[PDB]
Amino acid sequence: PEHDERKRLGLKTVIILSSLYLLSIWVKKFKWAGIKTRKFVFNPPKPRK
Amino acid sequence: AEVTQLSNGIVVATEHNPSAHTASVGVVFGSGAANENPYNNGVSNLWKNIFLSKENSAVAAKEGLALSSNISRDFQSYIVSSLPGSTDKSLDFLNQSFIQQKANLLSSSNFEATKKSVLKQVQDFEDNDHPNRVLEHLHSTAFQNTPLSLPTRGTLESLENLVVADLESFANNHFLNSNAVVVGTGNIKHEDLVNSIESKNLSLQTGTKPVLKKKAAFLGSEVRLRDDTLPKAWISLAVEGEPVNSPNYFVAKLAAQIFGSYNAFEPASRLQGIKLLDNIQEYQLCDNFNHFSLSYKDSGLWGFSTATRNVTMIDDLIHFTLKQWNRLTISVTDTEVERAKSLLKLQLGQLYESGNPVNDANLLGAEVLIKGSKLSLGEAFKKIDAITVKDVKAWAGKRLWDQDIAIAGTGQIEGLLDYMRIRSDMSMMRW
């Protein structure tokens, strides 16, 4: 019996949830942006310790 | 009585002191270690160190002269100090060194004994002077790929790649008259120097301007020199500050003044009326800190600098501090501001009113270059005091709150956290 509502609500659930997914992704690369583009360099050091 | 300023081609500036036992003369070139380039770095500190090589400094040692030199970022100075009466003994020895002589100091036995000592010089600094080392790299990353970045004393790299043909390449471009100012400090008159200056003829490369580069800029960034073999941890942090001759030049120096400067050892320091201090002291989060608002012609650096033997708890150290900085925008006590205005003045004094002529030179030379004249203490104070709280709450509101920072450091900084933490503490959660 629930049928027509069930897809109705289903509609809403997905549209919102999809958007969150894509929105969440974006956000993630932002907060990671410093670590992703983070870049090291090596310079061996004079032997005395 | 109000500092003298007159130009006959050579802009001649002086500042009299009737209670000075000595005086000093010299030049200030309005182009410093930030008018250099990536691979000629340290050329300006190389020039300083031939100028004090035993050769030229033994000359002026029979004469009774002492020479002073320093390089900054926007500027560059060459000062000589002696008794006030031997005031021609200064001007002549200056004249010899900068228009007469050229290759007498530029020997292949001189220059390969100076460069083989400005190399040991910049190899004790980056080796054992971490607080400035950290402080220097802070510029390198905040002002990356831009004028201010180049360390004043120059990279050991671009400092073994430089011959005399390079000392000159910078000299003949940026050692001009239209980029210099002659200074008279201590115990001499304006009519003693500008007389003894128009006494001498000649003109070096007249009409010539020194050249320009892409104006400096700022970008939120880090650079970390971890070294777990060094007993402490040194960190310096900041935002895009305020330039010399910026509307908030003083507003910003007042802010620095509030949180100020700590030394966990001097019991005097432990009692300062600084709010932040309430936190830091509980567990002894650090050994010392200090703030600043470094101002340069094109851009500035408001932040602070700390050393600490406390490695597990650095993460709070940076936290308590950057949170305090938030108050400056949202909740600074007026009665804090007064203690600032008050203390700024005392500091700004011992800066400007020290009984040492050499300082009053660079101060004068740099300022009378950038804005033309100097600004009097009464002028400064008249500004400092005008400053309301709203002064400080709108300056932090643009400059401090939620803006990119610029961290750098070395020693045991594994505990020093990451960039999305630190940077995030620039704000506080609101409804």
# chains A, B, ... in the order shown; residues from 1 in each chain; ligands from 1

$ interface_residues --of "chain A" --to "chain B" --cutoff "10 Å" --atoms "only C-alpha atoms" --output "ChimeraX atom specification"
/A:30-35,38-40,49

$ select_by_dssp --residues "segment 15-176 of chain B" --states "strand (DSSP E)" --output "list in words"
residues 15, 16, 23, 24, 25, 26, 27, 28, 29, 66, 67, 68, 69, 70, 71, 76, 77, 78, 79, 80, 81 and 82 of chain B

$ closest_residue --among "B:317, B:377, B:251, B:13" --to "residue 277 of chain B" --atoms "only C-alpha atoms"
B:317

$ residues_around --residues "residue 19 of chain B" --least-positions-apart "5" --cutoff "10 Å" --atoms "only C-alpha atoms" --output "VMD selection string"
chain B and resid 186 to 187 355

$ atom_distance --atom1 "atom CA of residue 309 of chain B" --atom2 "atom CA of residue 42 of chain A"
25.6 Å

$ residues_around --residues "residue 248 of chain B" --least-positions-apart "5" --cutoff "12 Å" --atoms "only C-alpha atoms" --output "ChimeraX atom specification"
/B:241-243,253-255,293,295,300,302,383-384,386-387,391-396,398-399

$ atom_distance --atom1 "atom CA of residue 333 of chain B" --atom2 "atom CA of residue 385 of chain B"
15.7 Å

$ closest_residue --among "B:201, B:95, B:90, B:158" --to "residue 188 of chain B" --atoms "only C-alpha atoms"
B:90

$ residues_around --residues "residue 273 of chain B" --least-positions-apart "6" --cutoff "12 Å" --atoms "only C-alpha atoms" --output "JSON, numbers by chain"
{"B": [257, 258, 259, 260, 261, 262, 333, 335, 336, 337, 338, 339, 340, 343]}

$ write_last_selection --atoms "N, CA, C and O atoms" --output "compact mmCIF listing (two decimals), in the first residue's frame"
# COMPACT_ATOMS: atom_id res chain seq x y z
N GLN B 257 51.66 44.52 21.03
CA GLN B 257 52.10 45.00 22.33
C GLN B 257 51.35 44.28 23.44
O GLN B 257 51.92 43.97 24.51
N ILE B 258 50.08 43.99 23.16
CA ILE B 258 49.17 43.39 24.14
C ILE B 258 49.72 42.06 24.68
O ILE B 258 49.98 41.93 25.90
N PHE B 259 49.90 41.10 23.77
CA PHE B 259 50.42 39.78 24.13
C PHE B 259 51.94 39.81 24.34
O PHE B 259 52.48 39.16 25.24
N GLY B 260 52.65 40.57 23.51
CA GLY B 260 53.96 41.05 23.92
C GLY B 260 55.12 40.09 23.83
O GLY B 260 55.56 39.75 22.72
N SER B 261 55.65 39.67 24.98
CA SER B 261 56.91 38.94 24.98
C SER B 261 57.18 38.29 26.32
O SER B 261 57.19 38.97 27.35
N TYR B 262 57.40 36.98 26.33
CA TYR B 262 57.53 36.26 27.59
C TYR B 262 58.93 35.68 27.81
O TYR B 262 59.62 35.35 26.85
N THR B 333 39.54 43.69 25.98
CA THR B 333 39.26 44.63 27.06
C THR B 333 39.94 45.97 26.75
O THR B 333 41.12 46.02 26.40
N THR B 335 40.75 48.17 28.95
CA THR B 335 41.83 48.33 29.91
C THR B 335 43.09 47.55 29.55
O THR B 335 44.14 47.78 30.14
N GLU B 336 42.97 46.60 28.62
CA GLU B 336 44.12 45.90 28.06
C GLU B 336 44.81 46.85 27.08
O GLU B 336 46.04 47.04 27.13
N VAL B 337 43.99 47.43 26.20
CA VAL B 337 44.44 48.41 25.22
C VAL B 337 45.30 49.54 25.82
O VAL B 337 46.31 49.92 25.25
N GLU B 338 44.91 50.07 26.98
CA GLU B 338 45.69 51.13 27.64
C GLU B 338 47.08 50.67 28.06
O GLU B 338 48.07 51.35 27.77
N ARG B 339 47.15 49.53 28.73
CA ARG B 339 48.42 48.87 29.07
C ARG B 339 49.26 48.65 27.81
O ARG B 339 50.50 48.57 27.87
N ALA B 340 48.59 48.54 26.66
CA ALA B 340 49.29 48.45 25.39
C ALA B 340 49.89 49.80 25.01
O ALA B 340 51.11 49.96 25.04
N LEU B 343 52.70 50.62 27.13
CA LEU B 343 53.94 49.87 26.95
C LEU B 343 54.60 50.06 25.58
O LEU B 343 55.82 50.01 25.46

$ select_by_dssp --residues "chain A" --states "helix (DSSP H, G or I)" --output "PyMOL selection string"
chain A and resi 3-36

$ write_last_selection --atoms "C-alpha atoms" --output "JSON list (two decimals), in the first residue's frame"
[["chain", "number", "residue", "atom", "x", "y", "z"],
["A", 3, "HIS", "CA", 3.80, 2.32, -2.73],
["A", 4, "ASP", "CA", 3.35, 5.75, -4.29],
["A", 5, "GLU", "CA", 4.52, 7.63, -1.23],
["A", 6, "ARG", "CA", 7.40, 5.21, -0.89],
["A", 7, "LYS", "CA", 8.89, 6.32, -4.20],
["A", 8, "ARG", "CA", 7.88, 9.89, -3.55],
["A", 9, "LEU", "CA", 9.93, 10.00, -0.34],
["A", 10, "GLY", "CA", 12.52, 7.86, -2.11],
["A", 11, "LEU", "CA", 12.86, 10.60, -4.66],
["A", 12, "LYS", "CA", 13.56, 13.25, -2.04],
["A", 13, "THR", "CA", 15.90, 10.97, -0.14],
["A", 14, "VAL", "CA", 18.13, 10.39, -3.11],
["A", 15, "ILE", "CA", 18.21, 13.89, -4.58],
["A", 16, "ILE", "CA", 19.25, 15.29, -1.18],
["A", 17, "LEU", "CA", 21.57, 12.38, -0.42],
["A", 18, "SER", "CA", 23.24, 12.46, -3.82],
["A", 19, "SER", "CA", 23.90, 16.19, -3.44],
["A", 20, "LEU", "CA", 25.41, 15.59, -0.01],
["A", 21, "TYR", "CA", 27.68, 12.97, -1.53],
["A", 22, "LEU", "CA", 29.01, 15.29, -4.20],
["A", 23, "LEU", "CA", 29.12, 18.17, -1.66],
["A", 24, "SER", "CA", 30.98, 16.04, 0.87],
["A", 25, "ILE", "CA", 33.63, 15.01, -1.75],
["A", 26, "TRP", "CA", 34.40, 18.70, -2.64],
["A", 27, "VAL", "CA", 34.78, 19.62, 0.99],
["A", 28, "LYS", "CA", 37.18, 16.71, 1.46],
["A", 29, "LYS", "CA", 39.67, 17.75, -1.18],
["A", 30, "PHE", "CA", 39.69, 21.20, 0.34],
["A", 31, "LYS", "CA", 40.62, 20.11, 3.85],
["A", 32, "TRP", "CA", 43.15, 17.70, 2.33],
["A", 33, "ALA", "CA", 44.51, 20.28, -0.11],
["A", 34, "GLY", "CA", 47.53, 21.02, 2.09],
["A", 35, "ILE", "CA", 48.46, 17.39, 2.58],
["A", 36, "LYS", "CA", 47.86, 16.38, -1.11]]

$ atom_distance --atom1 "atom CA of residue 319 of chain B" --atom2 "atom CA of residue 136 of chain B"
22.7 Å

$ closest_residue --among "B:51, B:225, B:271, B:171" --to "residue 41 of chain A" --atoms "only C-alpha atoms"
B:225

$ closest_residue --among "B:313, B:142, B:268, B:375" --to "residue 280 of chain B" --atoms "only C-alpha atoms"
B:313

$ residues_around --residues "residue 320 of chain B" --least-positions-apart "5" --cutoff "10 Å" --atoms "only C-alpha atoms" --output "PDB file with N, CA and C atoms, in the first residue's frame"
ATOM      1  N   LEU B 276      46.810  35.820  27.805  1.00  0.00           N
ATOM      2  CA  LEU B 276      47.374  34.562  27.313  1.00  0.00           C
ATOM      3  C   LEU B 276      48.222  33.887  28.372  1.00  0.00           C
ATOM      4  N   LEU B 277      48.948  34.692  29.140  1.00  0.00           N
ATOM      5  CA  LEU B 277      49.898  34.184  30.119  1.00  0.00           C
ATOM      6  C   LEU B 277      49.233  33.303  31.155  1.00  0.00           C
ATOM      7  N   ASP B 278      47.949  33.547  31.392  1.00  0.00           N
ATOM      8  CA  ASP B 278      47.185  32.752  32.347  1.00  0.00           C
ATOM      9  C   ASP B 278      47.258  31.277  31.981  1.00  0.00           C
ATOM     10  N   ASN B 279      46.949  31.009  30.718  1.00  0.00           N
ATOM     11  CA  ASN B 279      47.037  29.671  30.160  1.00  0.00           C
ATOM     12  C   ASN B 279      48.472  29.156  30.208  1.00  0.00           C
ATOM     13  N   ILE B 280      49.317  29.640  29.302  1.00  0.00           N
ATOM     14  CA  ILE B 280      50.627  29.034  29.059  1.00  0.00           C
ATOM     15  C   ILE B 280      51.381  28.563  30.314  1.00  0.00           C
ATOM     16  N   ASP B 315      50.938  21.617  21.121  1.00  0.00           N
ATOM     17  CA  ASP B 315      49.697  21.719  20.348  1.00  0.00           C
ATOM     18  C   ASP B 315      48.720  22.677  20.995  1.00  0.00           C
ATOM     19  N   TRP B 325      44.401  35.742  20.101  1.00  0.00           N
ATOM     20  CA  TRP B 325      44.359  36.587  18.907  1.00  0.00           C
ATOM     21  C   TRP B 325      42.928  36.797  18.390  1.00  0.00           C
ATOM     22  N   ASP B 425      42.135  27.715  13.808  1.00  0.00           N
ATOM     23  CA  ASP B 425      42.117  28.489  15.059  1.00  0.00           C
ATOM     24  C   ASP B 425      42.207  30.005  14.869  1.00  0.00           C
TER      25      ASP B 425
END
